[PDB]
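Have a look at input-v7.cif; it's mmCIF, C-alpha atoms and all ligand atoms:
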data_my_file
#
loop_
_atom_site.group_PDB
_atom_site.id
_atom_site.type_symbol
_atom_site.label_atom_id
_atom_site.label_comp_id
_atom_site.auth_asym_id
_atom_site.auth_seq_id
_atom_site.Cartn_x
_atom_site.Cartn_y
_atom_site.Cartn_z
ATOM 1 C CA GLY B 1 44.749 95.631 107.783
ATOM 2 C CA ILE B 2 46.282 96.727 104.432
ATOM 3 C CA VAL B 3 42.944 96.921 102.586
ATOM 4 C CA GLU B 4 41.741 99.443 105.274
ATOM 5 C CA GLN B 5 45.008 101.348 105.673
ATOM 6 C CA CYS B 6 45.557 102.197 102.006
ATOM 7 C CA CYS B 7 41.979 103.398 101.821
ATOM 8 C CA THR B 8 41.520 105.382 105.134
ATOM 9 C CA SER B 9 45.114 106.612 105.057
ATOM 10 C CA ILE B 10 47.869 105.933 102.652
ATOM 11 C CA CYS B 11 50.124 102.993 101.914
ATOM 12 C CA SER B 12 53.262 102.369 99.914
ATOM 13 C CA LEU B 13 53.882 99.922 97.159
ATOM 14 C CA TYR B 14 56.514 98.252 99.405
ATOM 15 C CA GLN B 15 53.809 97.724 102.059
ATOM 16 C CA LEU B 16 51.747 96.033 99.306
ATOM 17 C CA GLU B 17 54.557 93.660 98.501
ATOM 18 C CA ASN B 18 53.917 92.130 101.899
ATOM 19 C CA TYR B 19 50.699 90.640 100.231
ATOM 20 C CA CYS B 20 52.434 88.942 97.317
ATOM 21 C CA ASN B 21 52.713 85.132 97.312
ATOM 22 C CA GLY J 1 44.855 77.296 88.181
ATOM 23 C CA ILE J 2 42.668 80.358 87.747
ATOM 24 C CA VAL J 3 44.672 81.723 84.704
ATOM 25 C CA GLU J 4 44.191 78.428 82.809
ATOM 26 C CA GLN J 5 40.544 78.221 83.819
ATOM 27 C CA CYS J 6 39.412 81.813 83.227
ATOM 28 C CA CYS J 7 41.885 83.563 80.959
ATOM 29 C CA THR J 8 43.320 80.750 78.576
ATOM 30 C CA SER J 9 40.043 78.956 78.807
ATOM 31 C CA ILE J 10 36.783 80.713 79.875
ATOM 32 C CA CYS J 11 35.034 80.531 83.345
ATOM 33 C CA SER J 12 31.773 81.648 84.860
ATOM 34 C CA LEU J 13 31.537 84.039 87.871
ATOM 35 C CA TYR J 14 30.322 80.954 89.697
ATOM 36 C CA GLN J 15 33.725 79.385 88.893
ATOM 37 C CA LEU J 16 35.493 82.546 89.884
ATOM 38 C CA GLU J 17 34.180 82.121 93.373
ATOM 39 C CA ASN J 18 36.395 78.916 93.736
ATOM 40 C CA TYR J 19 39.185 81.531 94.372
ATOM 41 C CA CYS J 20 37.397 83.381 97.149
ATOM 42 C CA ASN J 21 38.761 83.004 100.704
ATOM 43 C CA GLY U 1 59.611 104.871 74.050
ATOM 44 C CA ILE U 2 57.450 103.559 76.871
ATOM 45 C CA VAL U 3 55.137 101.483 74.531
ATOM 46 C CA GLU U 4 58.152 99.627 73.065
ATOM 47 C CA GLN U 5 59.708 99.169 76.490
ATOM 48 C CA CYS U 6 56.676 98.102 78.539
ATOM 49 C CA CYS U 7 53.933 96.913 76.218
ATOM 50 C CA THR U 8 55.787 95.330 73.103
ATOM 51 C CA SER U 9 58.606 94.331 75.354
ATOM 52 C CA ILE U 10 58.205 94.027 79.175
ATOM 53 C CA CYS U 11 59.379 96.566 81.878
ATOM 54 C CA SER U 12 59.628 96.689 85.634
ATOM 55 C CA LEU U 13 57.832 99.322 87.797
ATOM 56 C CA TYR U 14 61.337 100.617 88.396
ATOM 57 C CA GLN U 15 61.545 101.216 84.617
ATOM 58 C CA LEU U 16 58.110 102.732 84.599
ATOM 59 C CA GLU U 17 59.363 105.461 86.848
ATOM 60 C CA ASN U 18 61.639 106.722 83.925
ATOM 61 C CA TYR U 19 58.322 108.315 82.704
ATOM 62 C CA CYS U 20 57.533 110.150 85.919
ATOM 63 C CA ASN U 21 57.836 113.964 85.911
ATOM 64 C CA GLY F 1 17.432 103.524 90.230
ATOM 65 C CA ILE F 2 20.205 100.861 90.197
ATOM 66 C CA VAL F 3 23.003 103.305 89.311
ATOM 67 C CA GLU F 4 22.072 105.334 92.481
ATOM 68 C CA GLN F 5 21.344 102.386 94.770
ATOM 69 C CA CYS F 6 24.630 100.533 94.278
ATOM 70 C CA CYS F 7 26.469 103.775 94.900
ATOM 71 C CA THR F 8 24.542 105.348 97.888
ATOM 72 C CA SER F 9 23.853 101.939 99.417
ATOM 73 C CA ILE F 10 24.717 98.520 98.235
ATOM 74 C CA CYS F 11 23.455 96.221 95.515
ATOM 75 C CA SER F 12 23.862 92.589 94.576
ATOM 76 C CA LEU F 13 25.079 91.078 91.382
ATOM 77 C CA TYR F 14 21.612 89.472 90.970
ATOM 78 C CA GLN F 15 20.055 92.963 91.134
ATOM 79 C CA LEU F 16 22.475 93.936 88.325
ATOM 80 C CA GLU F 17 21.298 91.082 86.169
ATOM 81 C CA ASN F 18 18.014 92.939 85.922
ATOM 82 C CA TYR F 19 19.973 95.376 83.560
ATOM 83 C CA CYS F 20 21.233 92.749 81.131
ATOM 84 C CA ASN F 21 19.683 92.579 77.643
ATOM 85 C CA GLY X 1 27.202 96.807 66.150
ATOM 86 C CA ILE X 2 29.493 98.618 68.563
ATOM 87 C CA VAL X 3 31.944 95.620 68.946
ATOM 88 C CA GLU X 4 32.474 95.465 65.155
ATOM 89 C CA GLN X 5 32.772 99.235 64.905
ATOM 90 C CA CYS X 6 35.042 99.992 67.873
ATOM 91 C CA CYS X 7 36.815 96.827 68.950
ATOM 92 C CA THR X 8 37.293 94.698 65.651
ATOM 93 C CA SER X 9 37.527 97.880 63.693
ATOM 94 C CA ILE X 10 38.395 101.263 65.324
ATOM 95 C CA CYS X 11 35.944 104.148 66.218
ATOM 96 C CA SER X 12 36.184 107.708 67.421
ATOM 97 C CA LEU X 13 34.595 108.955 70.701
ATOM 98 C CA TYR X 14 32.261 110.819 68.378
ATOM 99 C CA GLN X 15 31.189 107.394 67.034
ATOM 100 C CA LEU X 16 30.945 106.026 70.522
ATOM 101 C CA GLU X 17 28.236 108.517 71.251
ATOM 102 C CA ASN X 18 25.941 106.659 68.684
ATOM 103 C CA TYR X 19 25.444 104.223 71.657
ATOM 104 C CA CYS X 20 24.379 106.846 74.171
ATOM 105 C CA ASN X 21 20.717 106.863 75.281
ATOM 106 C CA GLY D 1 44.845 122.491 87.903
ATOM 107 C CA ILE D 2 42.908 119.957 85.758
ATOM 108 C CA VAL D 3 43.649 116.969 88.019
ATOM 109 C CA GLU D 4 42.023 118.931 90.942
ATOM 110 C CA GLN D 5 39.178 120.505 88.969
ATOM 111 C CA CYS D 6 37.769 117.308 87.464
ATOM 112 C CA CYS D 7 37.849 115.738 90.900
ATOM 113 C CA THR D 8 36.543 118.574 93.219
ATOM 114 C CA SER D 9 34.161 119.849 90.548
ATOM 115 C CA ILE D 10 33.572 118.700 87.060
ATOM 116 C CA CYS D 11 35.457 118.953 83.796
ATOM 117 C CA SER D 12 34.734 118.322 80.147
ATOM 118 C CA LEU D 13 36.481 116.074 77.728
ATOM 119 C CA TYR D 14 37.403 119.196 75.687
ATOM 120 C CA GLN D 15 39.130 120.624 78.788
ATOM 121 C CA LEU D 16 41.089 117.332 78.944
ATOM 122 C CA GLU D 17 42.248 117.722 75.383
ATOM 123 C CA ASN D 18 44.292 120.652 76.623
ATOM 124 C CA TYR D 19 46.584 117.915 78.240
ATOM 125 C CA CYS D 20 47.234 115.929 75.075
ATOM 126 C CA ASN D 21 50.692 116.123 73.461
ATOM 127 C CA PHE Q 1 30.184 78.734 77.532
ATOM 128 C CA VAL Q 2 29.893 82.168 75.608
ATOM 129 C CA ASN Q 3 31.654 82.919 78.776
ATOM 130 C CA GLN Q 4 34.475 85.614 77.994
ATOM 131 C CA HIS Q 5 38.153 85.228 78.802
ATOM 132 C CA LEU Q 6 39.225 87.194 81.923
ATOM 133 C CA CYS Q 7 42.894 88.041 81.881
ATOM 134 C CA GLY Q 8 45.343 89.987 83.932
ATOM 135 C CA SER Q 9 44.013 92.845 85.817
ATOM 136 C CA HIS Q 10 40.551 92.201 84.434
ATOM 137 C CA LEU Q 11 40.738 88.736 86.086
ATOM 138 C CA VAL Q 12 41.565 90.347 89.485
ATOM 139 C CA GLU Q 13 38.823 92.959 89.006
ATOM 140 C CA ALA Q 14 36.344 90.090 88.432
ATOM 141 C CA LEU Q 15 37.603 88.242 91.660
ATOM 142 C CA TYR Q 16 37.269 91.436 93.639
ATOM 143 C CA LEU Q 17 33.679 91.790 92.363
ATOM 144 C CA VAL Q 18 32.719 88.151 93.051
ATOM 145 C CA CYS Q 19 34.499 87.664 96.406
ATOM 146 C CA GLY Q 20 34.632 91.304 97.770
ATOM 147 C CA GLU Q 21 34.577 91.147 101.639
ATOM 148 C CA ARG Q 22 35.478 87.331 101.733
ATOM 149 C CA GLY Q 23 38.853 88.332 100.110
ATOM 150 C CA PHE Q 24 40.361 86.020 97.406
ATOM 151 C CA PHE Q 25 43.693 84.805 96.330
ATOM 152 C CA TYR Q 26 45.166 85.336 92.928
ATOM 153 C CA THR Q 27 47.849 82.646 92.212
ATOM 154 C CA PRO Q 28 48.731 82.287 88.569
ATOM 155 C CA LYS Q 29 51.315 79.588 89.375
ATOM 156 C CA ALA Q 30 48.563 77.459 91.136
ATOM 157 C CA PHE C 1 57.583 105.151 94.197
ATOM 158 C CA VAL C 2 54.930 107.386 95.697
ATOM 159 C CA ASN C 3 52.536 106.638 98.604
ATOM 160 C CA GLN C 4 49.065 105.481 97.581
ATOM 161 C CA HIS C 5 45.494 106.246 98.550
ATOM 162 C CA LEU C 6 43.729 103.051 97.272
ATOM 163 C CA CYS C 7 40.254 102.002 97.937
ATOM 164 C CA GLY C 8 38.083 99.231 96.552
ATOM 165 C CA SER C 9 39.070 97.605 93.308
ATOM 166 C CA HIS C 10 41.917 100.250 92.964
ATOM 167 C CA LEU C 11 43.786 98.444 95.701
ATOM 168 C CA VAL C 12 43.446 95.011 93.778
ATOM 169 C CA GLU C 13 44.802 96.739 90.702
ATOM 170 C CA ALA C 14 47.825 97.974 92.722
ATOM 171 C CA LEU C 15 48.424 94.509 94.232
ATOM 172 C CA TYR C 16 48.179 92.874 90.801
ATOM 173 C CA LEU C 17 50.758 95.412 89.503
ATOM 174 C CA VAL C 18 53.048 94.937 92.479
ATOM 175 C CA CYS C 19 53.042 91.187 92.730
ATOM 176 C CA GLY C 20 52.746 90.261 89.002
ATOM 177 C CA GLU C 21 53.405 86.714 88.521
ATOM 178 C CA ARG C 22 53.768 85.849 92.148
ATOM 179 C CA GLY C 23 50.070 86.667 92.673
ATOM 180 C CA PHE C 24 48.806 87.962 95.930
ATOM 181 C CA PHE C 25 46.151 87.482 98.586
ATOM 182 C CA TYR C 26 43.395 90.078 98.946
ATOM 183 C CA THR C 27 42.309 89.875 102.635
ATOM 184 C CA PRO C 28 40.004 92.770 103.763
ATOM 185 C CA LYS C 29 39.346 93.110 107.531
ATOM 186 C CA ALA C 30 35.560 92.326 107.553
ATOM 187 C CA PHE W 1 62.029 89.384 83.272
ATOM 188 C CA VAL W 2 58.699 87.413 84.055
ATOM 189 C CA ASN W 3 57.770 90.995 83.971
ATOM 190 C CA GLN W 4 54.202 91.288 82.235
ATOM 191 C CA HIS W 5 53.401 93.452 79.234
ATOM 192 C CA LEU W 6 51.568 96.698 80.161
ATOM 193 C CA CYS W 7 49.520 98.043 77.300
ATOM 194 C CA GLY W 8 47.110 100.829 76.648
ATOM 195 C CA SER W 9 45.120 101.991 79.508
ATOM 196 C CA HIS W 10 46.740 99.404 81.743
ATOM 197 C CA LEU W 11 50.101 101.084 80.938
ATOM 198 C CA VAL W 12 48.715 104.501 82.050
ATOM 199 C CA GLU W 13 47.159 102.946 85.170
ATOM 200 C CA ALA W 14 50.613 101.536 86.054
ATOM 201 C CA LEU W 15 52.285 105.043 85.487
ATOM 202 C CA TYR W 16 49.653 106.666 87.647
ATOM 203 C CA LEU W 17 50.398 104.104 90.390
ATOM 204 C CA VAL W 18 54.200 104.459 90.156
ATOM 205 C CA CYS W 19 54.441 108.251 89.678
ATOM 206 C CA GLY W 20 51.161 109.474 91.373
ATOM 207 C CA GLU W 21 51.779 113.030 92.776
ATOM 208 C CA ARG W 22 55.042 113.554 90.663
ATOM 209 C CA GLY W 23 52.766 113.323 87.533
ATOM 210 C CA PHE W 24 54.090 111.459 84.419
ATOM 211 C CA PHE W 25 53.960 111.770 80.728
ATOM 212 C CA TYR W 26 52.563 109.179 78.412
ATOM 213 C CA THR W 27 54.072 109.611 74.878
ATOM 214 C CA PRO W 28 53.679 106.593 72.661
ATOM 215 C CA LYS W 29 55.408 108.391 69.765
ATOM 216 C CA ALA W 30 58.540 109.015 72.005
ATOM 217 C CA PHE Y 1 28.361 86.435 95.563
ATOM 218 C CA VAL Y 2 28.834 89.395 97.864
ATOM 219 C CA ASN Y 3 26.869 92.693 97.955
ATOM 220 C CA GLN Y 4 28.489 95.589 96.105
ATOM 221 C CA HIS Y 5 29.169 99.250 96.746
ATOM 222 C CA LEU Y 6 29.644 100.513 93.122
ATOM 223 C CA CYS Y 7 29.858 104.019 91.990
ATOM 224 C CA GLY Y 8 30.726 105.610 88.670
ATOM 225 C CA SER Y 9 32.552 103.561 86.099
ATOM 226 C CA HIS Y 10 32.888 100.719 88.750
ATOM 227 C CA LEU Y 11 29.210 100.005 88.301
ATOM 228 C CA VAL Y 12 29.662 99.711 84.388
ATOM 229 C CA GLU Y 13 32.502 97.298 85.019
ATOM 230 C CA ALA Y 14 30.208 95.176 87.252
ATOM 231 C CA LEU Y 15 27.380 95.244 84.674
ATOM 232 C CA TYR Y 16 29.784 94.277 81.882
ATOM 233 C CA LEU Y 17 30.989 91.343 84.055
ATOM 234 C CA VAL Y 18 27.472 90.291 84.972
ATOM 235 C CA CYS Y 19 25.822 90.477 81.600
ATOM 236 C CA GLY Y 20 28.770 89.433 79.348
ATOM 237 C CA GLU Y 21 27.599 88.730 75.974
ATOM 238 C CA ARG Y 22 24.030 89.718 76.543
ATOM 239 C CA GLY Y 23 25.155 93.336 77.056
ATOM 240 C CA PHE Y 24 23.286 95.657 79.294
ATOM 241 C CA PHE Y 25 21.728 99.101 79.509
ATOM 242 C CA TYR Y 26 23.354 101.738 81.714
ATOM 243 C CA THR Y 27 20.480 104.084 82.748
ATOM 244 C CA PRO Y 28 21.407 106.571 85.563
ATOM 245 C CA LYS Y 29 18.527 108.532 87.177
ATOM 246 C CA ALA Y 30 19.500 112.090 86.016
ATOM 247 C CA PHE Z 1 41.901 106.621 61.867
ATOM 248 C CA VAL Z 2 44.967 106.117 64.302
ATOM 249 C CA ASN Z 3 41.934 105.598 66.358
ATOM 250 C CA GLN Z 4 42.674 102.621 68.892
ATOM 251 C CA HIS Z 5 40.578 99.491 69.263
ATOM 252 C CA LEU Z 6 38.285 99.568 72.344
ATOM 253 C CA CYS Z 7 37.394 96.110 73.541
ATOM 254 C CA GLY Z 8 35.542 94.518 76.375
ATOM 255 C CA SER Z 9 35.473 96.368 79.546
ATOM 256 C CA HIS Z 10 37.595 99.115 78.040
ATOM 257 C CA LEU Z 11 34.787 99.618 75.466
ATOM 258 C CA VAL Z 12 32.203 100.032 78.292
ATOM 259 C CA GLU Z 13 34.550 102.355 80.208
ATOM 260 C CA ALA Z 14 34.790 104.528 77.058
ATOM 261 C CA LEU Z 15 30.882 104.561 76.678
ATOM 262 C CA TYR Z 16 30.520 105.508 80.312
ATOM 263 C CA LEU Z 17 32.976 108.388 79.752
ATOM 264 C CA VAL Z 18 31.320 109.619 76.530
ATOM 265 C CA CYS Z 19 27.646 109.178 77.515
ATOM 266 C CA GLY Z 20 27.823 109.458 81.390
ATOM 267 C CA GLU Z 21 24.460 110.906 82.652
ATOM 268 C CA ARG Z 22 22.611 110.191 79.268
ATOM 269 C CA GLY Z 23 23.236 106.435 79.995
ATOM 270 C CA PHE Z 24 24.157 104.111 77.050
ATOM 271 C CA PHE Z 25 23.479 100.645 75.924
ATOM 272 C CA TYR Z 26 26.100 98.034 75.345
ATOM 273 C CA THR Z 27 24.768 95.338 72.914
ATOM 274 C CA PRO Z 28 27.458 93.212 71.355
ATOM 275 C CA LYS Z 29 24.850 91.157 69.460
ATOM 276 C CA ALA Z 30 23.463 94.410 67.815
ATOM 277 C CA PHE K 1 29.994 114.630 75.351
ATOM 278 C CA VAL K 2 28.991 114.945 78.981
ATOM 279 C CA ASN K 3 30.846 116.732 81.829
ATOM 280 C CA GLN K 4 32.990 114.486 84.018
ATOM 281 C CA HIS K 5 33.610 113.994 87.713
ATOM 282 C CA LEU K 6 37.042 112.215 87.611
ATOM 283 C CA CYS K 7 39.284 111.524 90.460
ATOM 284 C CA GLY K 8 42.446 109.481 90.819
ATOM 285 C CA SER K 9 43.246 106.902 88.201
ATOM 286 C CA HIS K 10 39.767 107.611 86.584
ATOM 287 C CA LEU K 11 41.134 110.897 85.329
ATOM 288 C CA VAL K 12 44.226 109.073 83.682
ATOM 289 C CA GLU K 13 41.791 106.710 82.017
ATOM 290 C CA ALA K 14 39.845 109.704 80.605
ATOM 291 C CA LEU K 15 43.049 111.412 79.394
ATOM 292 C CA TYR K 16 44.255 108.188 77.763
ATOM 293 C CA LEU K 17 40.856 107.916 75.989
ATOM 294 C CA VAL K 18 40.866 111.553 74.939
ATOM 295 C CA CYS K 19 44.395 111.872 73.686
ATOM 296 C CA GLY K 20 44.922 108.338 72.245
ATOM 297 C CA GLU K 21 47.949 108.232 70.225
ATOM 298 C CA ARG K 22 49.057 111.741 70.928
ATOM 299 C CA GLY K 23 49.618 110.790 74.588
ATOM 300 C CA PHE K 24 49.224 113.283 77.330
ATOM 301 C CA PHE K 25 50.889 114.731 80.406
ATOM 302 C CA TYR K 26 49.451 113.945 83.838
ATOM 303 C CA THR K 27 50.443 116.941 86.045
ATOM 304 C CA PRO K 28 48.662 117.030 89.478
ATOM 305 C CA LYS K 29 49.011 120.250 91.542
ATOM 306 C CA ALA K 30 51.037 118.839 94.517
HETATM 307 CO CO CO H 1 42.613 95.179 79.093
HETATM 308 CO CO CO H 2 37.268 104.474 91.593
#
Could you quickly redo this structure as structure tokens?
Amino acid sequence: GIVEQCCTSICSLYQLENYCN
Amino acid sequence: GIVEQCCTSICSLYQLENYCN
Amino acid sequence: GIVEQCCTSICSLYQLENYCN
Amino acid sequence: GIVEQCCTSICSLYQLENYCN
Amino acid sequence: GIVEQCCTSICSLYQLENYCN
Amino acid sequence: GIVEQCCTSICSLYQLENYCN
Amino acid sequence: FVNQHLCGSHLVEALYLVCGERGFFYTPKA
Amino acid sequence: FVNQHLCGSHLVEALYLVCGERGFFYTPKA
Amino acid sequence: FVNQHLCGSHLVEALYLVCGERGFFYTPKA
Amino acid sequence: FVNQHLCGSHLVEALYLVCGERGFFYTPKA
Amino acid sequence: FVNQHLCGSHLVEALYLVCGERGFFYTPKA
Amino acid sequence: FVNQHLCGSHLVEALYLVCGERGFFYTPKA
């Protein structure tokens, strides 16, 4: 998922917004 | 919710686990 | 500066990027 | 010790309570 | 103790080293 | 630079003071 | 109790710690 | 904004910054 | 907005996050 | 509570959360 | 001085930084 | 003071502690 991706790879802040409420 | 319980009031770690999935 | 804008007032992340090199 | 264990391995919060005063 | 010295008052890093083992 | 050194190796706090304003 | 106030990012740090692999939700409006 | 390498609690910090007020869900694969 | 206050070390955490590889400057007197 | 993988300052954060008020001793092997 | 207040978990972060491998004790009742 | 192994945001935390008030510049090689 996102947890995994940002840590093994990279992720953007806009990808993180997909986890806001 | 959590903010009222643990930041405006105070809460244990036990209580923090009410917000675990 | 940044302290007045984002800590005494409030600022977006957009605004925080005014302090990027 | 505990420093080493939680980092090389894993450790529980109840193991950490052994370091409170 | 440390809380009075560095959080209620203010303390240097020099002073913080009084709490090193 | 310093970013790189403290992370790949080690760095002292006095080396970090070279980055204060 | 003598329990401390956890606010902001320290409140999400504490949920990460407690919940870890179970995941958690942080919903200030709840 | 720059891409991020975020592990552990560093990713909860970035979520908390990104979602603010809305809050977020932290849901590790497991 | 409903934007939160970022102070101290949380303000530099947030600049690191936003700016990352571009670097940033933190100048409270500015 | 979940098991923890805590290195560096992350372990001091977890101690500070766990012991609160009592305080703690941080004593790395060395 | 213009020294800032270090509280809570930022106070233990700062002791970790200063003391590191020597270890430290954090005792708010002291 | 002890030597430091500081990566990522941990190095911005150490700069913020070291320079305080003066502020600092965070300038990763890139
Ligand atoms: Co804080
Ligand atoms: Co880290």
How would you write, as a PDB file with C-alpha atoms, in the frame of the given file, the set of residues no farther than 10 Å from ligand CO 1 (chain H) when counting only C-alpha atoms and all ligand atoms?
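Saved to part27.pdb:
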ATOM      1  CA  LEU Q   6      39.225  87.194  81.923  1.00  0.00           C
ATOM      2  CA  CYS Q   7      42.894  88.041  81.881  1.00  0.00           C
ATOM      3  CA  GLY Q   8      45.343  89.987  83.932  1.00  0.00           C
ATOM      4  CA  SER Q   9      44.013  92.845  85.817  1.00  0.00           C
ATOM      5  CA  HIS Q  10      40.551  92.201  84.434  1.00  0.00           C
ATOM      6  CA  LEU Q  11      40.738  88.736  86.086  1.00  0.00           C
TER       7      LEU Q  11
ATOM      8  CA  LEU W   6      51.568  96.698  80.161  1.00  0.00           C
ATOM      9  CA  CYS W   7      49.520  98.043  77.300  1.00  0.00           C
ATOM     10  CA  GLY W   8      47.110 100.829  76.648  1.00  0.00           C
ATOM     11  CA  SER W   9      45.120 101.991  79.508  1.00  0.00           C
ATOM     12  CA  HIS W  10      46.740  99.404  81.743  1.00  0.00           C
ATOM     13  CA  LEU W  11      50.101 101.084  80.938  1.00  0.00           C
TER      14      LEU W  11
ATOM     15  CA  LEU Z   6      38.285  99.568  72.344  1.00  0.00           C
ATOM     16  CA  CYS Z   7      37.394  96.110  73.541  1.00  0.00           C
ATOM     17  CA  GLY Z   8      35.542  94.518  76.375  1.00  0.00           C
ATOM     18  CA  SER Z   9      35.473  96.368  79.546  1.00  0.00           C
ATOM     19  CA  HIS Z  10      37.595  99.115  78.040  1.00  0.00           C
ATOM     20  CA  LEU Z  11      34.787  99.618  75.466  1.00  0.00           C
TER      21      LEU Z  11
END
Hits of the PyMOL selection byres (((chain F and resi 18) around 10) and not hetatm) in this structure, as a JSON list (two decimals) with C-alpha atoms, keeping the file's coordinate frame:
[["chain", "number", "residue", "atom", "x", "y", "z"],
["F", 2, "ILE", "CA", 20.20, 100.86, 90.20],
["F", 13, "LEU", "CA", 25.08, 91.08, 91.38],
["F", 14, "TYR", "CA", 21.61, 89.47, 90.97],
["F", 15, "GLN", "CA", 20.06, 92.96, 91.13],
["F", 16, "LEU", "CA", 22.48, 93.94, 88.32],
["F", 17, "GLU", "CA", 21.30, 91.08, 86.17],
["F", 19, "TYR", "CA", 19.97, 95.38, 83.56],
["F", 20, "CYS", "CA", 21.23, 92.75, 81.13],
["F", 21, "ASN", "CA", 19.68, 92.58, 77.64],
["Y", 15, "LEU", "CA", 27.38, 95.24, 84.67],
["Y", 18, "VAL", "CA", 27.47, 90.29, 84.97],
["Y", 19, "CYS", "CA", 25.82, 90.48, 81.60],
["Y", 24, "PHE", "CA", 23.29, 95.66, 79.29],
["Y", 25, "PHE", "CA", 21.73, 99.10, 79.51]]
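Applying a distance limit of 8 Å to all atoms listed in the file, the residues of chain Q near chain Y read residues 2, 3, 4, 14, 17, 18, 19, 20, 21 and 22 of chain Q.
Going from CA of residue 6 (chain B) to CA of residue 10 (chain F) covers 21.5 Å.
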Output, as lines of an AutoDock Vina configuration file, the centre and edge lengths in Å (one decimal) of the axis-aligned box that contains all listed atoms of region 2-8 of chain K with 8 Å of margin on each side.
center_x = 35.7
center_y = 113.1
center_z = 84.9
size_x = 29.5
size_y = 23.3
size_z = 27.8
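Between CA of residue 3 (chain B) and atom CO of ligand CO 2 (chain H) there is a distance of 14.5 Å.
Counting from CA of residue 11 (chain B), the distance to atom CO of ligand CO 2 (chain H) is 16.6 Å.
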